[PDB]
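Some notes on the structure that comes next.
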Amino acid sequence: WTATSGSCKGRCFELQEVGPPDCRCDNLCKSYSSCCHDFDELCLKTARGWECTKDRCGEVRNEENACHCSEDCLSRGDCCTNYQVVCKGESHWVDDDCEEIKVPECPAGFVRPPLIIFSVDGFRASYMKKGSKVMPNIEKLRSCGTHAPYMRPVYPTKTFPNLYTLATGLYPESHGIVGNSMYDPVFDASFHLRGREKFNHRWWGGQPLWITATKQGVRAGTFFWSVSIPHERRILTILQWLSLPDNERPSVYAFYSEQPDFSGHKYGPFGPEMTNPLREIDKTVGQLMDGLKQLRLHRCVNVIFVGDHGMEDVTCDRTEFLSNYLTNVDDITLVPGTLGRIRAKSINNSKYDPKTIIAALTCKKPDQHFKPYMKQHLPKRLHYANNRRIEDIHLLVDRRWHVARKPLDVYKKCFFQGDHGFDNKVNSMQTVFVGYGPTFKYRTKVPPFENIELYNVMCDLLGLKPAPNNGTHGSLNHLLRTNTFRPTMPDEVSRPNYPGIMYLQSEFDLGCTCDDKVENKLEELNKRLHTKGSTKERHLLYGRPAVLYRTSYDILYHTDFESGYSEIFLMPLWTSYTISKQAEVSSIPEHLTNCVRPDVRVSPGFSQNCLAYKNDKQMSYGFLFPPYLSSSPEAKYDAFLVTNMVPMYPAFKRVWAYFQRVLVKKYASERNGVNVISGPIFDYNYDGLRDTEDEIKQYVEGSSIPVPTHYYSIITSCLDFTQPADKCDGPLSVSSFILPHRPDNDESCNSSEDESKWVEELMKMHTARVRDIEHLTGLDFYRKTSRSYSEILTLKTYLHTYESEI
Ligand SMILES: *[C@@H]1O[C@H](CO)[C@@H](O[C@@H]2O[C@H](CO)[C@@H](O[C@@H]3O[C@H](CO[C@H]4O[C@H](CO)[C@@H](O)[C@H](O[C@H]5O[C@H](CO)[C@@H](O)[C@H](O)[C@@H]5O[C@H]5O[C@H](CO)[C@@H](O)[C@H](O)[C@@H]5O)[C@@H]4O)[C@@H](O)[C@H](O[C@H]4O[C@H](CO)[C@@H](O)[C@H](O)[C@@H]4O[C@H]4O[C@H](CO)[C@@H](O)[C@H](O)[C@@H]4O)[C@@H]3O)[C@H](O)[C@H]2NC(C)=O)[C@H](O)[C@H]1NC(C)=O
Ligand SMILES: NS(=O)(=O)c1ccc(C(=O)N2C[C@H]3CN(C(=O)OCc4ccc(OC(F)(F)F)cc4)C[C@@H]3C2)cn1
Ligand SMILES: [Ca+2]
Ligand SMILES: [Cl-]
Ligand code: NA
Ligand code: NA
Ligand SMILES: [Zn+2]
């Protein structure tokens with residue numbers, strides 16, 4: 001109930017929300033059907049429109065007008081945005097040459113440069129180039145300020161998940177807005193685009209920027225706007241708030257536009273109808289900047305021009321229907337569209353079985369346009385699993401397609417030509433970023449980055465301490481003129497042991513064998529030197545990784561590779577090796593096919609054993625440093641040490657062996673040498689974070705050998721590829737992956753073919769950031785380079801996407 005009987009007089013677009021049943025006058029009261037009776041009359045004036053004309057200049061103030069052109073308007077803060085242009089012979093902001101803003105030029109009483117976030121729904125990255133002719137204001141922001149060629153959204157690439165990620169620095173699995181439609185089984189409650197449940201506070205986790213600001217003494221404008229408030233009124237409201245007395249005036253503001261998304265859905269990303277929405281958004285930007293110029297704020301405010309996601313061509317006829325695959329289609333609930341999420345229709349049906357649903361949806365049609373996944377098997381770069389609102393069964397839908405449950409859902413519920421929501425690496429889903437103002441750099445292009453990083457920067461722009469979030473604070477310091485954030489590397493928690501030769505061969509009863517008893521002061525001194533670390537500078541190029549948790553581990557040195565061997569997990573946490581452009585690939589010799597050798601530095605008690613692998617009929621093993629890339633026949637023996645062995649399902653070994661035998665050398669050829677760091681990952685609870693020893697759900701049968709959920713590799717070379725990886729003077733280049741350690745290759749529909757036809761495709765899908773591997777391992781890489789730490793943080797957040805050019 002609302003007592004809509006109170007009045008909005010002197011309360012229009014008030015910032016503090018009044019509690020029910022008292023009527024409201026804030027920019028969202030319309031959404032709640034609670035505005036006072038005179039809100040429209042007083043707060044949403046439209047008379048005479050939005051632009052001054054020559055005949056209005058110097059008028060007698062008529063308080064009924066939407067905006068003013070009277071002599072008094074500048075001091076009142078309510079002139080039409082083109083007032084000084086029409087009435088005082090000034091130029092539009094867009095017509096002024098740009099001039100570097102080296103310091104804030106703010107009016108007296110401004111404690112800090114305000115921040116205005118100008119968010120555009122559905123603004124695909126390629127619009128910046130493709131629509132530049134019809135967007136002069138935006139083009140001025142972009143060319144004069146700091147811009148990226150694109151910014152990567154979060155999955156799913158829908159509006160609320162992305163705007164809330166921009167606001168919090170968090171992945172959707174952590175902030176809780178995991179979709180446009182959600183069911184939360186704990187609350188037994190449903191979230192929909194339409195209606196009222198979405199306003200309930202329990203949906204919205206983390207700490208958004210407006211709360212971070214308010215808690216730390218910084219006043220915020222109200223971020224959300226009711227759809228019926230015209231964009232011109234949103235802009236005039238921000239400009240009026242900026243004219244408030246110092247003690248009342250917010251320092252941070254948001255504008256939101258439902259275009260170009262609204263038209264994009266109807267017309268497709270490049271429909272001829274799309275030119276008009278782009279023109280109109282550019283005109284809104286011009287009103288804002290002209291309005292700032294009038295207020296002498298255009299060289300004081302930092303402006304961010306940012307999108308939530310892009311837009312793809314999608315039509316009704318490109319829908320896959322689960323009723324073409326499932327016999328039981330009425331026993332499931334599907335969240336449909338550009339992703340799919342499946343659960344049981346009834347928690348009382350004891351015949352529902354996820355395994356049979358997954359199988360019925362796996363590789364059933366030759367050009368099948370979705371792929372099913374248990375959520376823990378989704379690419380780790382999506383960070384899309386650790387939330388009870390994410391159903392266990394997920395469908396990743398191909399770009400340009402939809403999935404639905406039955407045909408009747410699609411013609412009884414073609415209209416549309418555009419949609420979005422797909423995997424966040426897809427080029428059509430990318431969006432935009434430009435920052436313009438005293439705190440941003442001048443005419444500077446920065447490489448693409450993820451939207452999870454912007455919360456930290458917006459906190460930096462406002463002098464706020466960010467709440468804990470998923471950005472890597474400092475990784476975007478290269479966007480900023482000042483207010484950079486200069487973190488320290490984390491402290492190493494566990495220091496390594498450096499064991500020498502401590503055990504005799506006969507102490508080992510591991511069930512292993514090796515034909516290695518084919519046996520000199522020249523060469524014998526030389527091999528001892530290798531075991532002491534004499535080649536470590538060649539194979540450990542960026543220093544050893546730091547271990548950021550308490551554990552017991554040993555550094556093991558070899559001719560061709562160095563490793564950090566865990567006594568707790570009985571395998572390396574990491575193995576590091578460099579392959580030059582000229583390296584030679586060799587075979588595993590016949591006499592070494594089944595060779596596994598005890599490592600006389602490491603106790604039998606802290607070693608794997610071969611008997612467990614013989615007994616485990618599902619499990620085989622592979623090696624982290626590949627025998628194929630040994631530097632000599634003698635060095636090759638080191639690769640068969642029990643301390644280089646890891647558990648691998650036979651299906652996964654097809655993948656791993658191809659990577660090791662073929663792809664490492666191919667990368668070394670292409671990149672002028674590579675350094676590789678590989679290792680296991682254990683994430684049985686799919687939270688994106690390193691498991692402790694008591695979270696491991698699967699062991700090699702009979703043993704205490706834990707089974708990795710994933711294997712990673714980080715592949716680093718010189719950005720300037722005219723320099724070899726091991727003698728690089730400048731910036732680095734990296735690509736990495738996190739491959740799921742699965743007992744089948746069901747994920748790859750062409751896996752019956754030669755690995756050259758499917759393995760690299762698999763690896764591209766599971767591309768990763770170094771930072772993703774850090775979270776999953778508790779290791780910290782690149783500790784010893786000649787590079788700035790902020791540069792290294794940017795390197796660690798890089799994702800190699802394998803998409804063609806934007
Ligand atoms: C991305 O960045 C974020 C932010 O930094 C990282 O998320 C953090 O990760 C931590 C580890 O997972 C997690 O720490 C836990 O906090 C618990 C207290 O939680 C409440 O308070 C915080 C602080 O204000 C608040 O933010 C939380 O908000 C969550 O929960 C509500 C819903 O319940 C949501 O509205 C909101 O969206 C958010 O949900 C997300 O996080 C939770 C986990 O907290 C998930 O379950 C959801 O799916 C969703 O992802 C909370 O309101 C605290 O209770 C935990 O402590 C237990 O475990 C530790 C292990 O160290 C142990 O020491 C403790 O003793 C304790 O154990 C006891 O509880 C166990 C579980 O019941 C039980 O098994 C034991 O037997 C014990 O009794 C834990 O410290 C932190 O909350 C989140 N923060 C956020 C905002 O998500 C995230 O990891 C980053 N991601 C990556 C990939 O790096
Ligand atoms: N395109 S879609 O996914 O189908 C879709 C979903 C939801 C809808 C839909 O009805 N909405 C009603 C709109 C009103 N909103 C609003 O005023 O947002 C202000 C805002 C908030 C946070 C921001 O980020 C920051 F904090 F700055 F970092 C920036 C701006 C956004 C809502 C989406 C429309 N389309
Ligand atoms: Ca984990
Ligand atoms: Cl959704
Ligand atoms: Na076996
Ligand atoms: Na297959
Ligand atoms: Zn949309």
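Residues in the structure tokens are numbered from 1 in each chain, the chains being A, B, ... in the order shown, and ligands are numbered from 1 in the order shown.
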Can you list every residue in stretch 100-197 of chain A that DSSP puts in strand (DSSP E or B), as JSON, numbers by chain? {"A": [115, 116, 117, 118, 119, 120, 121, 146, 147, 151, 152, 182, 183, 184, 189, 190, 191]}
Surrounding residues of residue A:673 excluding itself and chain neighbours under 4 positions, 10 Å, only C-alpha atoms, as a ChimeraX atom specification: /A:578-583,664-669,715-718,721,723-727
Would you put the residues from that selection into a file with C-alpha atoms, as a compact mmCIF listing (two decimals), in the first residue's frame?
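The result, stored in out_25.txt:
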```txt
# COMPACT_ATOMS: atom_id res chain seq x y z
CA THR A 578 61.91 -24.00 -22.08
CA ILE A 579 61.77 -25.29 -25.71
CA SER A 580 63.78 -23.25 -28.22
CA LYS A 581 62.69 -22.65 -31.83
CA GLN A 582 65.38 -25.18 -32.91
CA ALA A 583 64.44 -27.95 -30.39
CA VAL A 664 54.51 -27.48 -27.94
CA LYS A 665 57.07 -27.71 -30.77
CA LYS A 666 54.60 -25.93 -33.14
CA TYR A 667 54.27 -23.03 -30.68
CA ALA A 668 58.08 -22.90 -30.20
CA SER A 669 58.46 -22.64 -34.02
CA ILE A 715 53.04 -20.81 -22.44
CA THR A 716 55.16 -17.64 -22.38
CA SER A 717 57.41 -16.06 -25.05
CA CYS A 718 58.77 -12.62 -26.06
CA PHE A 721 59.24 -12.53 -31.54
CA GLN A 723 63.94 -12.32 -29.76
CA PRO A 724 64.07 -15.91 -28.46
CA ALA A 725 61.96 -16.74 -25.37
CA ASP A 726 65.04 -17.23 -23.19
CA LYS A 727 66.67 -13.92 -24.16
```
Test item: residues no farther than 12 Å from ligand 7, counting only C-alpha atoms and all ligand atoms, as a PDB file with C-alpha atoms, in the first residue's frame:
```pdb
ATOM      1  CA  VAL A 120      24.576   1.795 -23.182  1.00  0.00           C
ATOM      2  CA  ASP A 121      22.684  -1.484 -23.446  1.00  0.00           C
ATOM      3  CA  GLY A 122      23.613  -3.733 -26.427  1.00  0.00           C
ATOM      4  CA  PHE A 123      26.385  -1.484 -27.755  1.00  0.00           C
ATOM      5  CA  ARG A 124      28.494  -3.939 -29.706  1.00  0.00           C
ATOM      6  CA  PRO A 156      25.912 -14.948 -19.640  1.00  0.00           C
ATOM      7  CA  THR A 157      26.142 -11.883 -21.857  1.00  0.00           C
ATOM      8  CA  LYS A 158      22.827 -10.447 -20.691  1.00  0.00           C
ATOM      9  CA  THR A 159      22.066  -7.029 -19.219  1.00  0.00           C
ATOM     10  CA  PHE A 160      21.542  -7.541 -15.430  1.00  0.00           C
ATOM     11  CA  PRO A 161      24.480 -10.008 -14.966  1.00  0.00           C
ATOM     12  CA  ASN A 162      26.757  -7.512 -16.733  1.00  0.00           C
ATOM     13  CA  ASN A 180      17.693 -12.832 -16.716  1.00  0.00           C
ATOM     14  CA  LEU A 193      12.578  -9.395 -16.042  1.00  0.00           C
ATOM     15  CA  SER A 257      20.202   3.874 -22.147  1.00  0.00           C
ATOM     16  CA  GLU A 258      18.019   0.915 -23.268  1.00  0.00           C
ATOM     17  CA  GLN A 259      19.313   1.564 -26.827  1.00  0.00           C
ATOM     18  CA  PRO A 260      20.813   0.375 -28.999  1.00  0.00           C
ATOM     19  CA  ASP A 261      19.734  -3.033 -27.476  1.00  0.00           C
ATOM     20  CA  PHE A 262      16.012  -2.356 -27.815  1.00  0.00           C
ATOM     21  CA  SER A 263      16.214  -1.830 -31.576  1.00  0.00           C
ATOM     22  CA  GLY A 264      18.977  -4.453 -31.963  1.00  0.00           C
ATOM     23  CA  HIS A 265      16.627  -7.239 -30.808  1.00  0.00           C
ATOM     24  CA  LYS A 266      14.012  -6.167 -33.422  1.00  0.00           C
ATOM     25  CA  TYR A 267      16.364  -5.389 -36.368  1.00  0.00           C
ATOM     26  CA  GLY A 268      19.643  -7.318 -35.805  1.00  0.00           C
ATOM     27  CA  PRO A 269      22.983  -5.712 -34.915  1.00  0.00           C
ATOM     28  CA  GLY A 307      28.409  -1.168 -22.635  1.00  0.00           C
ATOM     29  CA  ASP A 308      27.023  -4.304 -20.972  1.00  0.00           C
ATOM     30  CA  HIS A 309      27.217  -6.754 -24.013  1.00  0.00           C
ATOM     31  CA  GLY A 310      27.001  -6.783 -27.831  1.00  0.00           C
ATOM     32  CA  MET A 311      24.280  -8.144 -30.151  1.00  0.00           C
ATOM     33  CA  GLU A 312      24.232 -11.065 -32.666  1.00  0.00           C
ATOM     34  CA  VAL A 314      19.430 -14.559 -34.229  1.00  0.00           C
ATOM     35  CA  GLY A 337      17.188 -18.909 -25.399  1.00  0.00           C
ATOM     36  CA  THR A 338      20.853 -18.113 -25.985  1.00  0.00           C
ATOM     37  CA  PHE A 416      13.055 -10.658 -33.546  1.00  0.00           C
ATOM     38  CA  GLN A 417      16.307 -10.480 -35.537  1.00  0.00           C
ATOM     39  CA  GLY A 418      18.945  -9.909 -32.777  1.00  0.00           C
ATOM     40  CA  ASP A 419      19.898 -11.487 -29.446  1.00  0.00           C
ATOM     41  CA  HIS A 420      22.785 -11.925 -27.003  1.00  0.00           C
ATOM     42  CA  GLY A 421      23.741 -14.141 -24.003  1.00  0.00           C
ATOM     43  CA  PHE A 422      26.341 -16.402 -25.691  1.00  0.00           C
ATOM     44  CA  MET A 429      29.155 -10.217 -27.712  1.00  0.00           C
TER      45      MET A 429
END
```
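Every protein or nucleic acid residue with an atom no more than 8 Å from stretch 552-560 of chain A, counting only C-alpha atoms and leaving out same-chain residues fewer than 4 positions away, appears here: residues 494, 495, 496, 497, 498, 499, 527, 530, 531, 532, 533, 534, 535, 536, 539, 564, 565, 566, 567, 568, 577, 578, 630, 631, 635 and 638 of chain A.
Selection of all polymer residues within 8 Å of ligand 3 on the basis of only C-alpha atoms and all ligand atoms gives residues 682, 683, 684, 685, 686, 687, 688, 689, 690, 691, 692, 695 and 776 of chain A.
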